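Raw my_file.cif, mmCIF, C-alpha atoms (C1' of nucleotides):
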data_run
#
loop_
_atom_site.label_atom_id
_atom_site.label_comp_id
_atom_site.auth_asym_id
_atom_site.auth_seq_id
_atom_site.Cartn_x
_atom_site.Cartn_y
_atom_site.Cartn_z
CA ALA A 801 -14.27 -100.39 -43.48
CA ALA A 802 -16.71 -102.62 -45.39
CA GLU A 803 -13.77 -104.84 -46.28
CA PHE A 804 -12.74 -104.77 -42.61
CA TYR A 805 -16.28 -105.93 -41.79
CA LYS A 806 -15.72 -108.81 -44.20
CA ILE A 807 -12.33 -109.54 -42.60
CA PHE A 808 -13.89 -109.79 -39.14
CA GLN A 809 -16.73 -111.86 -40.61
CA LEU A 810 -14.26 -114.35 -42.10
CA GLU A 811 -11.82 -114.41 -39.15
CA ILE A 812 -14.46 -115.03 -36.47
CA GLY A 813 -14.72 -118.56 -37.87
CA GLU A 814 -10.95 -119.17 -37.92
CA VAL A 815 -10.64 -119.60 -41.68
CA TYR A 816 -6.83 -119.68 -41.42
CA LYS A 817 -7.14 -123.13 -39.83
CA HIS A 818 -10.16 -124.25 -41.92
CA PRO A 819 -9.49 -123.33 -45.57
CA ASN A 820 -12.91 -124.65 -46.69
CA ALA A 821 -16.32 -123.65 -45.36
CA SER A 822 -19.94 -123.70 -46.45
CA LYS A 823 -22.40 -120.86 -46.96
CA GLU A 824 -24.12 -122.06 -43.78
CA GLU A 825 -20.89 -121.45 -41.86
CA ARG A 826 -20.55 -118.04 -43.50
CA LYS A 827 -24.09 -117.14 -42.43
CA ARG A 828 -23.33 -118.36 -38.90
CA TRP A 829 -20.35 -116.00 -38.78
CA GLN A 830 -22.56 -113.22 -40.16
CA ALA A 831 -25.14 -113.70 -37.43
CA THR A 832 -22.60 -113.92 -34.61
CA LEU A 833 -20.81 -110.74 -35.66
CA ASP A 834 -24.06 -108.81 -36.17
CA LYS A 835 -25.45 -109.89 -32.79
CA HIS A 836 -22.30 -108.97 -30.90
CA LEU A 837 -22.07 -105.62 -32.72
CA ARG A 838 -25.65 -104.70 -31.83
CA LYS A 839 -25.03 -105.90 -28.26
CA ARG A 840 -21.83 -103.94 -27.62
CA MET A 841 -21.50 -100.94 -29.97
CA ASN A 842 -25.26 -100.30 -30.34
CA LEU A 843 -25.02 -100.65 -34.14
CA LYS A 844 -27.51 -102.29 -36.51
CA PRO A 845 -27.03 -104.55 -39.54
CA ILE A 846 -27.21 -102.55 -42.77
CA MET A 847 -27.48 -103.94 -46.30
CA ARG A 848 -25.01 -101.54 -47.96
CA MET A 849 -22.53 -99.82 -45.70
CA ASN A 850 -22.41 -96.05 -45.16
CA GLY A 851 -20.06 -93.48 -43.69
CA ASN A 852 -21.46 -93.40 -40.15
CA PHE A 853 -21.10 -97.18 -39.92
CA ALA A 854 -17.57 -96.84 -41.31
CA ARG A 855 -16.54 -94.27 -38.69
CA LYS A 856 -18.11 -96.23 -35.83
CA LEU A 857 -16.59 -99.58 -36.83
CA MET A 858 -13.16 -97.97 -37.37
CA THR A 859 -12.65 -97.62 -33.63
CA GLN A 860 -10.33 -99.36 -31.19
CA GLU A 861 -13.37 -100.59 -29.27
CA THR A 862 -14.51 -102.42 -32.43
CA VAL A 863 -11.63 -104.87 -32.14
CA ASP A 864 -11.73 -104.68 -28.34
CA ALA A 865 -15.29 -106.04 -28.58
CA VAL A 866 -14.83 -108.53 -31.42
CA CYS A 867 -11.78 -110.21 -29.83
CA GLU A 868 -14.14 -111.81 -27.30
CA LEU A 869 -15.50 -113.99 -30.14
CA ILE A 870 -12.11 -115.30 -31.35
CA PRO A 871 -9.90 -117.58 -29.21
CA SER A 872 -6.43 -116.95 -30.60
CA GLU A 873 -4.35 -114.39 -28.71
CA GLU A 874 -2.10 -114.11 -31.76
CA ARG A 875 -5.17 -113.18 -33.82
CA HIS A 876 -6.14 -110.71 -31.09
CA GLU A 877 -2.75 -108.99 -31.34
CA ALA A 878 -2.84 -109.04 -35.15
CA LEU A 879 -6.26 -107.41 -35.32
CA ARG A 880 -5.27 -104.85 -32.68
CA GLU A 881 -2.17 -103.79 -34.60
CA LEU A 882 -4.08 -103.72 -37.91
CA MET A 883 -6.72 -101.42 -36.40
CA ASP A 884 -4.02 -99.23 -34.86
CA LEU A 885 -2.25 -98.87 -38.21
CA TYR A 886 -5.46 -98.01 -40.05
CA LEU A 887 -6.43 -95.41 -37.44
CA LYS A 888 -2.97 -93.87 -37.76
CA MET A 889 -3.34 -93.76 -41.55
CA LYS A 890 -6.87 -92.30 -41.69
CA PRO A 891 -6.13 -88.65 -40.69
CA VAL A 892 -3.58 -88.27 -43.50
CA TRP A 893 -6.20 -88.61 -46.24
CA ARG A 894 -9.19 -87.35 -44.22
CA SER A 895 -7.60 -84.12 -42.97
CA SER A 896 -8.76 -80.87 -44.55
CA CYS A 897 -5.11 -79.72 -44.40
CA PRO A 898 -2.66 -82.48 -43.40
CA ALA A 899 0.34 -80.13 -43.48
CA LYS A 900 -1.00 -78.18 -40.47
CA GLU A 901 -3.33 -80.70 -38.78
CA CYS A 902 -1.41 -84.01 -38.57
CA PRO A 903 2.34 -83.59 -39.25
CA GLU A 904 3.21 -86.49 -36.94
CA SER A 905 0.96 -88.79 -38.96
CA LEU A 906 2.31 -87.34 -42.21
CA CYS A 907 5.98 -87.90 -41.37
CA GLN A 908 5.70 -91.68 -40.78
CA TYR A 909 3.06 -92.62 -43.37
CA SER A 910 5.54 -94.59 -45.49
CA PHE A 911 6.77 -96.61 -42.50
CA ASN A 912 3.18 -97.29 -41.44
CA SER A 913 2.40 -98.41 -45.00
CA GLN A 914 5.34 -100.82 -45.00
CA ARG A 915 4.28 -102.26 -41.63
CA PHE A 916 0.69 -102.67 -42.84
CA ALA A 917 1.91 -104.33 -46.04
CA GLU A 918 4.08 -106.85 -44.21
CA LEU A 919 1.27 -107.63 -41.75
CA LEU A 920 -1.21 -108.22 -44.58
CA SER A 921 1.24 -110.42 -46.48
CA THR A 922 2.13 -112.56 -43.45
CA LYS A 923 -0.65 -112.78 -40.87
CA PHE A 924 -3.58 -112.64 -43.31
CA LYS A 925 -2.05 -114.81 -46.04
CA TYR A 926 -5.37 -116.59 -46.60
CA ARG A 927 -7.00 -113.66 -48.42
CA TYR A 928 -4.40 -111.34 -49.93
CA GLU A 929 -2.25 -113.57 -52.16
CA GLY A 930 -2.65 -112.52 -55.79
CA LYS A 931 -5.62 -110.27 -55.01
CA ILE A 932 -5.58 -106.90 -53.23
CA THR A 933 -8.43 -104.43 -53.24
CA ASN A 934 -8.30 -101.19 -55.21
CA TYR A 935 -8.65 -99.00 -52.14
CA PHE A 936 -5.86 -100.64 -50.14
CA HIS A 937 -3.62 -100.42 -53.20
CA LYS A 938 -4.43 -96.71 -53.53
CA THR A 939 -4.05 -95.98 -49.81
CA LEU A 940 -0.75 -97.85 -49.49
CA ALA A 941 0.80 -96.44 -52.68
CA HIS A 942 -0.51 -93.16 -54.06
CA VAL A 943 -1.46 -91.02 -51.02
CA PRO A 944 1.91 -89.25 -50.44
CA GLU A 945 2.18 -88.39 -54.13
CA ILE A 946 -1.35 -86.96 -54.09
CA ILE A 947 -0.68 -84.88 -50.97
CA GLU A 948 2.55 -83.56 -52.49
CA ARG A 949 0.85 -82.73 -55.80
CA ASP A 950 -2.31 -81.07 -54.45
CA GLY A 951 -1.92 -80.06 -50.80
CA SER A 952 -4.99 -81.76 -49.34
CA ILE A 953 -7.22 -84.75 -50.05
CA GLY A 954 -10.27 -84.43 -47.81
CA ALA A 955 -11.13 -80.98 -49.15
CA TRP A 956 -11.65 -82.44 -52.65
CA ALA A 957 -13.89 -85.29 -51.49
CA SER A 958 -17.46 -85.86 -52.67
CA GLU A 959 -19.17 -85.42 -49.29
CA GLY A 960 -20.30 -81.95 -50.34
"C1'" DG B 1 -12.23 -10.53 -54.24
"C1'" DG B 2 -17.96 -12.14 -54.82
"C1'" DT B 3 -21.54 -15.29 -53.76
"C1'" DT B 4 -23.73 -18.74 -51.59
"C1'" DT B 5 -23.48 -22.61 -48.43
"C1'" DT B 6 -21.97 -24.61 -44.03
"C1'" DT B 7 -21.42 -24.46 -39.70
"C1'" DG B 8 -19.99 -22.13 -35.11
"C1'" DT B 9 -21.25 -19.22 -31.09
"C1'" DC B 10 -24.17 -16.20 -27.70
"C1'" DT B 11 -27.33 -16.97 -22.05
"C1'" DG B 12 -31.70 -17.87 -19.65
"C1'" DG B 13 -34.95 -21.11 -19.67
"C1'" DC B 14 -37.74 -25.26 -20.98
"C1'" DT B 15 -38.25 -30.40 -21.59
"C1'" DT B 16 -36.26 -35.21 -21.86
"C1'" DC B 17 -33.23 -39.07 -20.77
"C1'" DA B 18 -29.60 -41.41 -17.74
"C1'" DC B 19 -28.02 -42.47 -13.08
"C1'" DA B 20 -26.80 -42.85 -7.91
"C1'" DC B 21 -27.46 -46.74 -4.63
"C1'" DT B 22 -29.28 -51.56 -3.23
"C1'" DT B 23 -32.10 -56.91 -3.31
"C1'" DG B 24 -33.96 -59.90 -5.27
"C1'" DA B 25 -37.00 -61.55 -9.56
"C1'" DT B 26 -37.41 -62.81 -13.58
"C1'" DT B 27 -35.97 -63.53 -18.90
"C1'" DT B 28 -32.38 -64.61 -22.53
"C1'" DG B 29 -28.37 -67.06 -24.21
"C1'" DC B 30 -25.67 -71.07 -25.21
"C1'" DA B 31 -23.43 -75.50 -24.38
"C1'" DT B 32 -24.67 -80.96 -23.71
"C1'" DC B 33 -26.67 -85.35 -24.97
"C1'" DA B 34 -26.47 -89.28 -28.13
"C1'" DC B 35 -28.35 -89.59 -32.87
"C1'" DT B 36 -29.93 -89.03 -38.52
"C1'" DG B 37 -28.96 -88.46 -43.50
"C1'" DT B 38 -26.59 -88.28 -48.39
"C1'" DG B 39 -23.20 -91.86 -49.70
"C1'" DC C 1 -11.00 -86.12 -39.46
"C1'" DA C 2 -18.80 -83.84 -42.89
"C1'" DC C 3 -21.66 -81.01 -41.41
"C1'" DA C 4 -26.07 -79.19 -40.45
"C1'" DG C 5 -29.47 -80.22 -37.81
"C1'" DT C 6 -32.89 -82.66 -33.50
"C1'" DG C 7 -35.34 -80.93 -29.26
"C1'" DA C 8 -35.43 -80.92 -23.89
"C1'" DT C 9 -32.54 -79.44 -19.88
"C1'" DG C 10 -29.90 -76.80 -17.17
"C1'" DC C 11 -26.96 -72.98 -15.42
"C1'" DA C 12 -24.43 -68.38 -16.40
"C1'" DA C 13 -25.54 -63.92 -17.64
"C1'" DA C 14 -28.49 -59.77 -19.00
"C1'" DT C 15 -32.43 -56.92 -17.88
"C1'" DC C 16 -35.47 -54.93 -14.60
"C1'" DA C 17 -38.85 -53.28 -10.84
"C1'" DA C 18 -39.04 -50.28 -6.67
"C1'" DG C 19 -38.00 -45.16 -4.35
"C1'" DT C 20 -36.57 -39.53 -5.46
"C1'" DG C 21 -33.32 -36.32 -6.11
"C1'" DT C 22 -29.73 -35.05 -9.02
"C1'" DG C 23 -26.51 -34.67 -13.63
"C1'" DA C 24 -26.16 -34.56 -18.59
"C1'" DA C 25 -28.12 -33.59 -23.07
"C1'" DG C 26 -31.14 -31.53 -26.70
"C1'" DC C 27 -33.46 -27.54 -28.05
"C1'" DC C 28 -36.14 -22.68 -28.21
"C1'" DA C 29 -35.54 -17.78 -28.72
"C1'" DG C 30 -33.46 -14.18 -32.62
"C1'" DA C 31 -28.87 -12.45 -34.01
"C1'" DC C 32 -23.74 -12.11 -35.00
"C1'" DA C 33 -19.69 -14.44 -36.99
"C1'" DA C 34 -15.94 -17.40 -39.13
"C1'" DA C 35 -14.36 -21.74 -43.09
"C1'" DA C 36 -15.11 -23.39 -47.92
"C1'" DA C 37 -16.09 -24.49 -53.09
"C1'" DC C 38 -17.24 -22.44 -57.71
"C1'" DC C 39 -16.82 -17.90 -60.55
#

Please rewrite the model in this file as structure tokens.
Amino acid sequence: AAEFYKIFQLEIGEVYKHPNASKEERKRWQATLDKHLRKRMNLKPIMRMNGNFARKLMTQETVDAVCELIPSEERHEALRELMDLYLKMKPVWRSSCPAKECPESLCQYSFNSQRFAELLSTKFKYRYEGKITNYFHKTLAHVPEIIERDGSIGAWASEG
DNA sequence: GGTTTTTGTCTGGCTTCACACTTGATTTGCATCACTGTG
DNA sequence: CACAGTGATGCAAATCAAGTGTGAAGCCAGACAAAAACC
């Protein structure tokens, strides 16, 4: 979700049309996103991101509120489908027992991963060519093997 | 079988607690509300 | 889909206070009378 914050922060300025930008433009995008977040979702800017911020910003209303700052309807649809895919994927690895708490999300995880992969490769070409983050690689590749090997993922987390 | 312990009873009579109703008049319990905090 | 708080508020539910005449239970008397675990 911190990387999604960065994605919104970069896309609010329409980087896909302007490949080059200055740190002043980056700070402008920072300020606009932070203001609109505090105005609509009642959040605050935080220096290093935490779990409560992650859960709040991984909501459909996050994109439903940030689309007002970007003009492109194609970008609106792309962000909406990206958020939908991530929210479908989250219960698989956050469930305390995915075999008896989200079988519908477990049965189509591979198809959702393929759709997310193709969307990242095509519609967000400006960031994910030759560089993909560790956590997206893990989430898109190794989750079904982990759930088949162990039985659950969220039970073995470090929140305790 | 003996021996000791462990429970059972006997009826008249005593105290002690629960209840039978009803109409309010409190007092107790538990869910709601949007949030933090360790990352 | 982290989970245990954080306190004020509000409504459902439990307890009760008033009245007297009952039932139901526990126990007192001293004595007689069956089960049961070791020889």

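Here CA of residue 912 (chain A) stands at a distance of 25.0 Å from CA of residue 852 (chain A).
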
Given all atoms listed in the file, how would the per-residue table for chain B near chain A read, listing every residue at most 12 Å away with its closest atom pair and distance in Å to one decimal, sorted by chain and number, as a tab-separated table?
residue	atom	partner	partner_atom	distance
B:34	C1'	A:842	CA	11.3
B:35	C1'	A:852	CA	10.7
B:36	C1'	A:852	CA	9.7
B:37	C1'	A:852	CA	9.6
B:38	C1'	A:959	CA	8.0
B:39	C1'	A:850	CA	6.2

Give me, as CSV, the closest atom pair and its distance (Å, one decimal) for every residue of chain C within a cut-off of 10 Å of chain A, counting all atoms listed in the file, rows sorted by chain and rising number.
residue,atom,partner,partner_atom,distance
C:1,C1',A:894,CA,5.2
C:2,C1',A:959,CA,6.6
C:3,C1',A:960,CA,9.1

If you apply the PyMOL selection byres ((chain C and resi 21-29) around 12) to this file, what residues do you get, as an mmCIF file with C-alpha atoms (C1' of nucleotides), in the coordinates of the input?
data_model
loop_
_atom_site.group_PDB
_atom_site.id
_atom_site.type_symbol
_atom_site.label_atom_id
_atom_site.label_comp_id
_atom_site.auth_asym_id
_atom_site.auth_seq_id
_atom_site.Cartn_x
_atom_site.Cartn_y
_atom_site.Cartn_z
ATOM 1 C "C1'" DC B 10 -24.170 -16.200 -27.700
ATOM 2 C "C1'" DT B 11 -27.330 -16.970 -22.050
ATOM 3 C "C1'" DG B 12 -31.700 -17.870 -19.650
ATOM 4 C "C1'" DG B 13 -34.950 -21.110 -19.670
ATOM 5 C "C1'" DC B 14 -37.740 -25.260 -20.980
ATOM 6 C "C1'" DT B 15 -38.250 -30.400 -21.590
ATOM 7 C "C1'" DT B 16 -36.260 -35.210 -21.860
ATOM 8 C "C1'" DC B 17 -33.230 -39.070 -20.770
ATOM 9 C "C1'" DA B 18 -29.600 -41.410 -17.740
ATOM 10 C "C1'" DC B 19 -28.020 -42.470 -13.080
ATOM 11 C "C1'" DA B 20 -26.800 -42.850 -7.910
ATOM 12 C "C1'" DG C 19 -38.000 -45.160 -4.350
ATOM 13 C "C1'" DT C 20 -36.570 -39.530 -5.460
ATOM 14 C "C1'" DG C 30 -33.460 -14.180 -32.620
ATOM 15 C "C1'" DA C 31 -28.870 -12.450 -34.010
#

Given the file shown, enumerate the residues that the PyMOL selection byres ((chain B and resi 30) around 12) captures and present them as a PyMOL selection string.
(chain B and resi 28-29+31-32) or (chain C and resi 10-13)

Those residues with C-alpha atoms (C1' of nucleotides), as a compact mmCIF listing (two decimals), keeping the file's coordinate frame please?
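The new file again27.txt reads:
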# COMPACT_ATOMS: atom_id res chain seq x y z
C1' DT B 28 -32.38 -64.61 -22.53
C1' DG B 29 -28.37 -67.06 -24.21
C1' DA B 31 -23.43 -75.50 -24.38
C1' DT B 32 -24.67 -80.96 -23.71
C1' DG C 10 -29.90 -76.80 -17.17
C1' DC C 11 -26.96 -72.98 -15.42
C1' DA C 12 -24.43 -68.38 -16.40
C1' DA C 13 -25.54 -63.92 -17.64

Give me, as a Markdown table, the closest atom pair and its distance (Å, one decimal) for every residue of chain B within a cut-off of 10 Å of region 34-38 of chain C, counting only C-alpha atoms (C1' of nucleotides), rows sorted by chain and rising number.
| residue | atom | partner | partner_atom | distance |
| --- | --- | --- | --- | --- |
| B:3 | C1' | C:38 | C1' | 9.2 |
| B:4 | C1' | C:38 | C1' | 9.7 |
| B:5 | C1' | C:36 | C1' | 8.4 |
| B:6 | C1' | C:36 | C1' | 8.0 |
| B:7 | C1' | C:35 | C1' | 8.3 |
| B:8 | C1' | C:34 | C1' | 7.4 |
| B:9 | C1' | C:34 | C1' | 9.8 |

Selection result for the PyMOL selection byres ((chain A and resi 862) around 12) on this file, as JSON, numbers by chain:
{"A": [801, 804, 805, 808, 833, 836, 837, 838, 839, 840, 841, 842, 843, 853, 854, 855, 856, 857, 858, 859, 860, 861, 863, 864, 865, 866, 867, 868, 869, 876, 879, 880, 882, 883, 884, 887]}

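Residues lying within 12 Å of residue 23 (chain B), counting all atoms listed in the file and ignoring same-chain neighbours fewer than 4 positions away, are residues 16, 17 and 18 of chain C.
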
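The space between CA of residue 932 (chain A) and CA of residue 873 (chain A) spans 25.7 Å.
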
Just give me the gap between CA of residue 930 (chain A) and CA of residue 809 (chain A) in Å, one decimal is fine.
20.7 Å
